[PDB]
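Visitor: Just so we're aligned, residue 385 is where the sequence shown starts under full-length UniProt numbering, counting upward by one.
A virtual CB, placed ideally from N, CA and C, is assigned to each residue, including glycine.
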Amino acid sequence: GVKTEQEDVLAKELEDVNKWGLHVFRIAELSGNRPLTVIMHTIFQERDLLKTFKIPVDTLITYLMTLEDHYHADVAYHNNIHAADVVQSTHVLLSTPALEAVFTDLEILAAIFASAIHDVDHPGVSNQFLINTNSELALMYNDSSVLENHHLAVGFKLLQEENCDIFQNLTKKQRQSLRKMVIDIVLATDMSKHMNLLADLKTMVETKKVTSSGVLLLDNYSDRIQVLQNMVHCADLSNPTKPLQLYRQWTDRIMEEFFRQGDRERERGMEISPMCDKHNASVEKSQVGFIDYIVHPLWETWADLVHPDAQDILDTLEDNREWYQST
Ligand SMILES: [Zn+2]
Ligand SMILES: [Zn+2]
């Protein structure tokens, strides 16, 4: 009834689950490529979610393993490790001092569950690739948020497998609310929604209230959900805010995925996508452009929302930006 030594090494690593920069790749190794399962399990226990929602533990484990298995091991970036990272990063963002006591258990469950399923069954190519190849998925979703609609459908559909319904003891009311929030959050991970989300984040920063001091004031669904949406979007785009040794690993993986799509595009004479082209790519330049135009405006705005909880994260982003720039 005692951990093996590998399990103990895993356990000591997981003591960092509440911190930006967990070594998720080491956890992936220690766990036998189960970073999503062990990290979700640790977080659910940590937040008392099993008791609060009467989730039987074997059901939670069975579902997590099933969820994890529907991420593609042969996809370099959009895989279970990325899902685990986004989960644990959303987990840390949820605990930010400026959001203390703001969100309900159900909203907390929604953000974490949405994080876990948000890229499930990703084929490792983009929406545009899927649309252009006349793929079955693109036709099912009428070319609209193709992957993101698919991630949701898979994530929910998997609750129907044997002993997988982790929401079996929630009331209809809890389930309908949970489901809508999860759907709103995941659909918001589509980059084509990025400009609007950021616009609304800013507007809320311009017009933000604080009550009892410190903590933010969110008094309608629109505001509560848009903050959750931006939170997970932030976790999804958190690679450049992480210590450089992690960030570079993510960048290697995303570039491996992009070039591979570039290869497949040429294996069919398709026009080559924005910097998916091996040979004609500057990884350093693309990262700088990515940070200046997308990641920094997002996180800078987030940092303002929860000032100054996010100062260390923003500083790390800027350091990494200068680092890449120095090339
Ligand atoms: Zn995605
Ligand atoms: Zn993602």
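1. Round the Cβ separation of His475 and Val401 to the nearest angstrom and send it over; I've been treating them as touching at under 8 Å.
2. Using 8 Å for Cβ pairs, my map puts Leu444 next to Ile609. What's the rounded Cβ distance?
3. Between the C-alpha atoms of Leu585 and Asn614, what's the straight-line distance to the nearest angstrom?
4. Helix, strand or coil for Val594 per DSSP?
5. So, at 6 Å on beta carbons, what are the nonlocal neighbours of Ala468 in its own chain, with the 5 sequence-adjacent residues on each side left out?
6. Can you give me the C-alpha to C-alpha distance between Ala687 and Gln695, rounded to a whole angstrom?
7. Could you check what DSSP says for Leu600 in three-state terms: helix, strand or coil?
8. Please report how far the alpha carbon of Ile656 lies from the alpha carbon of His535, in whole angstroms.
9. Should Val594 go down as buried or exposed, given a rule of 16 or more other Cβ atoms within 10 Å for buried?
10. Please confirm whether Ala494 and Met565 have their CB atoms less than 7 Å apart.
11. Would you mind giving the Cβ-Cβ distance between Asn547 and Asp453, rounded to the nearest angstrom? I have them listed as a contact below 8 Å.
12. Can you tell me which of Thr711, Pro692, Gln560, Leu701 puts its alpha carbon nearest to the alpha carbon of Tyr677?
13. Is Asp503 near ligand 2, with its Cβ less than 6 Å from a heavy atom?
14. Hey, is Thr573 close to ligand 1, as in C-beta under 6 Å from one of its heavy atoms?
15. My understanding is that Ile638 touches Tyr447, with C-beta atoms under 8 Å, so please give their C-beta distance in whole angstroms.
16. Mapping DSSP to helix, strand and coil, what is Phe487?
17. Should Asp620 be listed as close to ligand 2, given that the test is whether its C-beta is under 6 Å from any heavy atom?
18. Any contact between the stretch 628-638 and the stretch 571-588? By contact I mean 3 or more CB pairs, one from each, below 8 Å.
19. From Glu413, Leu612, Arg705, pick the residue whose C-alpha is nearest to that of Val471; which is it?
20. How would you write the range of the alpha helix (DSSP H) that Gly416 sits in, first residue to last?
21. Considering Cα atoms alone, identify which of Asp505, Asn417, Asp527, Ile411 is closest to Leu514.
22. Leaving aside the five residues before and after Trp707 along the sequence, list all residues of the same chain whose C-beta is less than 8 Å from its C-beta, in chain order.
23. Let me know if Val386 comes out buried or exposed under the rule of 16 or more other beta-carbons within 10 Å of its beta-carbon.
24. Does DSSP classify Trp683 as helix, strand or coil?
25. With a cut-off of 8 Å on the beta carbons, I'd call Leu621 and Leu682 a contact; round off their distance for me.
26. Would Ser710 be called buried (16 or more neighbouring beta carbons within 10 Å of its own) or exposed?
27. Counting C-beta neighbours from all protein chains within 10 Å, is the total for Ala457 16 or more, i.e. buried, or is it exposed?
28. Assuming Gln429 contacts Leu414 under a Cβ cut-off of 8 Å, what Cβ separation, rounded to an integer in Å, is found between them?
29. What number of angstroms, rounded off, separates the C-alpha of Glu520 from the C-alpha of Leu477?
30. Could you check the C-alpha separation between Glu545 and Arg632 for me, to the nearest Å?
Guide: Put simply:
1. Walking along the sequence shown from the start, residue 475 turns up at place 91. Walking along the sequence shown from the start, residue 401 turns up at place 17. Indeed they touch by this definition, with Cβ atoms about 7 Å apart.
2. Numbered from its first residue, the sequence shown carries residue 444 at position 60. Numbered from its first residue, the sequence shown carries residue 609 at position 225. Actually they do not touch by this definition, with Cβ atoms about 25 Å apart.
3. Translated into the one-based positions of the sequence shown, residue 585 becomes position 201. Translated into the one-based positions of the sequence shown, residue 614 becomes position 230. Approximately 7 Å, taken between the alpha carbons.
4. To locate residue 594, count along the sequence shown from 1; it is residue 210. Residue state, collapsed to three classes: strand.
5. For the purposes of this step, residue 468 is taken as the residue at position 84 of the sequence shown. Within the same chain, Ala468 has close Cβ partners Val408, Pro419, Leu420, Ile423.
6. Residue 687 sits at position 303 when you count from the first residue of the sequence shown. Residue 695 sits at position 311 when you count from the first residue of the sequence shown. Those two C-alpha atoms are separated by around 6 Å.
7. Taking the sequence shown and counting its residues from 1, one reaches residue 600 at position 216. Residue state, collapsed to three classes: strand.
8. For the purposes of this step, residue 656 is taken as the residue at position 272 of the sequence shown. For the purposes of this step, residue 535 is taken as the residue at position 151 of the sequence shown. Going from the Cα of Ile656 to the Cα of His535 covers about 25 Å.
9. Along the sequence shown, read from residue 1 onward, the residue named residue 594 stands at position 210. It is exposed - the Cβ of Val594 has fewer than 16 other Cβ atoms within 10 Å.
10. Sequence index remark: in the sequence shown, residue 494 carries index 110 (1-based). Sequence index remark: in the sequence shown, residue 565 carries index 181 (1-based). Cβ distance < 7 Å, so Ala494 and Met565 count as in contact.
11. Position 163 of the sequence shown, counted from the start, is the residue given in the question as residue 547. Position 69 of the sequence shown, counted from the start, is the residue given in the question as residue 453. About 14 Å separates the two Cβ atoms, so there is no contact after all.
12. Position 293 of the sequence shown, counting from 1, holds the residue named residue 677. Residue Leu701 is the option with its Cα nearest to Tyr677.
13. Numbered from 1 along the sequence shown, position 119 holds the residue referred to as residue 503. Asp503: yes, Cβ under 6 Å from ligand 2.
14. Within the sequence shown, numbered from 1, the residue matching residue 573 stands at position 189. It does: the Cβ of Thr573 is within 6 Å (strictly closer) of some heavy atom of ligand 1.
15. Here residue 638 refers to the residue found at position 254 when the sequence shown is read from its first residue. Here residue 447 refers to the residue found at position 63 when the sequence shown is read from its first residue. That belief does not hold up - the Cβ atoms of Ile638 and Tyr447 are roughly 28 Å apart, past 8 Å.
16. Here residue 487 is taken as the residue at index 103 of the sequence shown, counted from 1. If DSSP states are grouped into helix, strand and coil, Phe487 belongs with coil.
17. For the purposes of this step, residue 620 is taken as residue 236 along the sequence shown, with counting starting at 1. Under cutoff, so the answer is yes.
18. no
19. Here residue 471 refers to the residue found at position 87 when the sequence shown is read from its first residue. That would be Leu612, whose Cα lies nearest to the Cα of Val471.
20. Counted from its first residue, the sequence shown places residue 416 at position 32. Taken as a continuous stretch (DSSP letters only), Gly416 belongs to no alpha helix (DSSP H), as it is neither H nor E.
21. Counting from 1 along the sequence shown, the entry for residue 514 is found at position 130. If we check each option's Cα against that of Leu514, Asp527 comes out closest.
22. In the sequence shown, counting from the first residue as 1, residue 707 sits at position 323. Excluding positions up to five away in sequence, the list reads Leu628.
23. For this step, residue 386 is matched to residue 2 along the sequence shown. Exposed, since its Cβ has fewer than 16 Cβ neighbours within 10 Å.
24. If you number the sequence shown from 1, residue 683 lands on position 299. Three-state result, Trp683: helix.
25. Within the sequence shown, the letter at position 237 stands for residue 621. Within the sequence shown, the letter at position 298 stands for residue 682. Contact holds; Cβ gap of about 6 Å.
26. Along the sequence shown, one-based indexing puts residue 710 at 326. Counting Cβ neighbours within 10 Å, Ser710 comes out exposed, since fewer than 16 surround it.
27. As a working note, residue 457 is residue 73 in the sequence shown. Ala457 comes out exposed.
28. Walking along the sequence shown from the start, residue 429 turns up at place 45. Walking along the sequence shown from the start, residue 414 turns up at place 30. Actually they are not in contact, since the Cβ atoms of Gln429 and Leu414 sit about 18 Å apart, beyond 8 Å.
29. As a first step, residue 520 must be located in the sequence shown, where it is residue number 136. As a first step, residue 477 must be located in the sequence shown, where it is residue number 93. Going by the C-alpha atoms only, they are around 36 Å apart.
30. Here the question's residue 545 lines up with position 161 in the sequence shown. Here the question's residue 632 lines up with position 248 in the sequence shown. Cα to Cα, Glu545 sits roughly 37 Å from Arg632.
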